[PDB]
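Examining the three-dimensional arrangement
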Amino acid sequence: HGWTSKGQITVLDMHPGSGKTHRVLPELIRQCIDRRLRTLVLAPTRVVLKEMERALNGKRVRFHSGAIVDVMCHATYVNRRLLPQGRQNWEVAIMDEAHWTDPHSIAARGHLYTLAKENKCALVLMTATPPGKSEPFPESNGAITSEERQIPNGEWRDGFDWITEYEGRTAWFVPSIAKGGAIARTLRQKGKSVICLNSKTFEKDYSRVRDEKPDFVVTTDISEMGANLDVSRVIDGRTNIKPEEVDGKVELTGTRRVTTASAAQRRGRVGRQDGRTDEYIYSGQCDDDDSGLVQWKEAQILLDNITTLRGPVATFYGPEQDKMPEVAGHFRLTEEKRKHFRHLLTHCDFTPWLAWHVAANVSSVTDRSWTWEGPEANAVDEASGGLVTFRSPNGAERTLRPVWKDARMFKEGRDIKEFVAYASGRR
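- Per the PDB record, the structure was determined using X-ray crystallography to 1.9500 Å resolution.

**Quick look at the packing of helix α10 (residues 335-346) against helix α11 (residues 352-361)**
- Close contact between α10 and α11 brings their axes to 9 Å; oriented N to C, the two are set at 145 degrees. Judged by the sense of rotation from one axis to the other, the crossing of α10 with α11 is right-handed. Along its contact with α10, which presents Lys337, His340, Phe341, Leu344 and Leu345, the element α11 presents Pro352, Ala355, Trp356, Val358, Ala359 and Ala360.
- Each residue belonging to the contact of α10 with α11 can be placed in one class, and the counts come to nine nonpolar, one polar and one charged.

**Quick look at the pattern of salt bridges**
- A full pass over the atoms with the stated rule returns 27 salt bridges.
- When the shortest N-O distance is used, the salt bridge between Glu91 and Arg38 registers 3.7 Å.
- Judged by its relative accessible area of 47%, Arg38 falls in the partly exposed class.
- Ionic contacts of the salt-bridge type, sharing partners, join the residues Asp415, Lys417, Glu418 and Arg427 into one network.

**Here we look at the side chain of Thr259**
- Turning to its location among the elements, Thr259 is positioned in the loop between β15 (255-257) and α8 (260-267).
- At 3.1 Å, the side chain of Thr259 and the backbone nitrogen of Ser262 are in polar contact.
- If we ignore the near neighbours within four places in the chain, the residues touching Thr259 are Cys286, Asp287, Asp288 and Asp290.

**Considering the domain arrangement of the protein**
- Along its sequence, the protein is carved into domain 1 (9-126) and domain 2 (143-282).
- Here domain 1 and domain 2 have C-alpha centroids that lie 28 Å from each other.
- At the junction of the two partners, domain 1 supplies nine residues and domain 2 supplies nine residues.
- Between the two partners, domain 1 and domain 2, sit zero salt bridges.
- Residues that form the side of domain 1 that touches domain 2 fall into these classes: five nonpolar, two polar and two charged.

**A short note on the nonpolar core**
- Counting 60 residues, the largest nonpolar core has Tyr77, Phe341 and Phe350 as the members making the most contacts within it.
- A total of seven residues in this core trace back to one element, the largest contributor, which is helix α4 (residues 103-117).
- Every residue in contact with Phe350, bar those within four places of it in the chain, is listed here: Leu344, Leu345, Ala355, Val358, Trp370, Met409, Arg414, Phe419 and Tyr422.
- Grouped together as the second largest cluster of nonpolar side chains are 21 residues, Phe173, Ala227, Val258 and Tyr282 included.

**Things to note about α8**
- In terms of residue burial, α8 counts as a mostly covered element, since seven of its eight residues are buried.
- Listing the buried residues of α8 in full gives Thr260, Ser262, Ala263, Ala264, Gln265, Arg266 and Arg267.
- Those residues of α8 hidden inside the fold are in contact with β7 (143-148), β8 (170-173), β11 (233-236), β12 (239-241) and β16 (277-282).

**Concerning the side chain of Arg269**
- Of note, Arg269 is situated in the loop between α8 and β16.
- Polar side-chain contacts of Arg269 include one of 2.8 Å to the backbone oxygen of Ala227.
- A polar atom in the side chain of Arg269 sits 2.8 Å from the backbone oxygen of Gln265.
- Among residues more than four places away in sequence, those in contact with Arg269 are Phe173, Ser223, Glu224, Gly226, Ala227, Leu229, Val231 and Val234.

**Some details on the sheet that holds strand β10 (residues 216-219)**
- Ordered by their spatial adjacency, six strands build an open sheet running β7-β16-β11-β8-β10-β9, and the pairing between neighbours is parallel. Each edge of the open sheet is held by one strand with a lone partner, namely β7 and β9 (194-197). If you compare each strand with its neighbour and ignore which way they point, the axes differ by 20 degrees on average.
- As paired elements, β8 and β11 share four bridges and run parallel to each other. Paired with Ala171 across the two strands is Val234, which belongs to β11.
- Helix-sheet contacts for helix α7 (residues 202-212) involve β9 and β10, and the interaxial angle to β9 is about 150 degrees.

Conventions used here
Residues numbered from 1 in each chain as written, not as in the entry; some residues may be left out. Heavy atoms only, no water. Residues with missing side-chain atoms left out of burial classes, pairs and counts. Axes fitted to C-alpha atoms, helices over the stretch in contact; angles between N-to-C directions. Helix = DSSP H or I, 4+ residues; strand = E, 2+ residues; numbered from the N terminus. Left-handed = near helix turned anticlockwise from the far one by under 90°. Contact = heavy atoms within 4.5 Å. Nonpolar A, V, L, I, M, F, W, Y, C, P; charged D, E, K, R; others polar. Salt bridge = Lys/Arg side-chain N within 4 Å of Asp/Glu carboxyl O. Buried < 20%, exposed > 50% of the residue type's maximum accessible area, 1.4 Å probe, protein only. Polar contact = N/O pair within 3.5 Å; in protein donor to acceptor, adjacent residues only side chain to side chain. Domains from an automatic or database assignment. Core = buried A, V, L, I, M, F, W, Y, C linked by side-chain atoms within 4.5 Å. Pairing = 2+ DSSP bridges.

In structure tokens form, the structure reads like this:
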């Protein structure tokens, strides 16, 4: 009765240096291929999928963009299950970097957990910070000196000489793309090479880190899911952006303290070379209560729409179930509305929150009046001056003013011009 038995859940929590990708994953897959089990492997990012492809060199595996092993991203798995026909089951599921609080990652591990509890598959979660109780300063075979210092929260001129006098390469974690922009401006002004990694740039620019060896990588939490930045120092203000639903709108004002699992992953970027002691420089405390974030509602929206009313009630993975904001099934859509939802998610780059509000409520898929018929206060500032305006296909001038306002559609990685392409009926 081993790890590939239907209903077994294994958590592999090993640190860097224990052979996870190059020794442990290829052995897990060899056993699955030997036992002729249909096997699913989930990577968080295409970057990690490329590493797996190298580690699984010379095995019979299908990588998504004869084989009984399928390797794909967390998000690809969820987006496939939103299709009527995308619902074949695997007998063994292995999820890498399974701590990610991206909504698709939460719903993926919730779904696989639900199947494993109904004895439909075996589940392996691989993460150094399994969901549940975390420690901020885990001991490993890595050497890390952790020290608390005041850290700039934006541009600085004088002081903080320890930042620029350090010899060797740094990863600086920032709460948002905007804050990262500020830090990168000052670092470049002071003669340092900088690469910015975030939701928008990670998949394209991660490879530049190995190639260019910049003095600083200025990174959002995107780097907490398997990024090997080859740095000797982490700078960590221990903050993140706080997307939350307030008065029926998604807001992006100010910040929250990172979870302990997040602080541990940020610290976890260093300590990778046996024999070398690295630095983790931090400011302030962690906060484990992230239950107020819109990510839990978004993950329930996805999980509700990749399970059936007939199939028994789905849950988030073990301890995350306390953070499911409504009774399971609450956000389930009709086939017809789920087709609209999936289109907005996959073709229009909508957030789950906004794709759900639109698909659930709008009179028809080809209506765009919801983008200008909202309350006055839902307008968007235009960089060039005034409020954002566009022309409908009928040629009428509109002021962008959506019925459902999600601030994430207008900054933090997304351009207003892509949303105006939707609203103007060009997408």
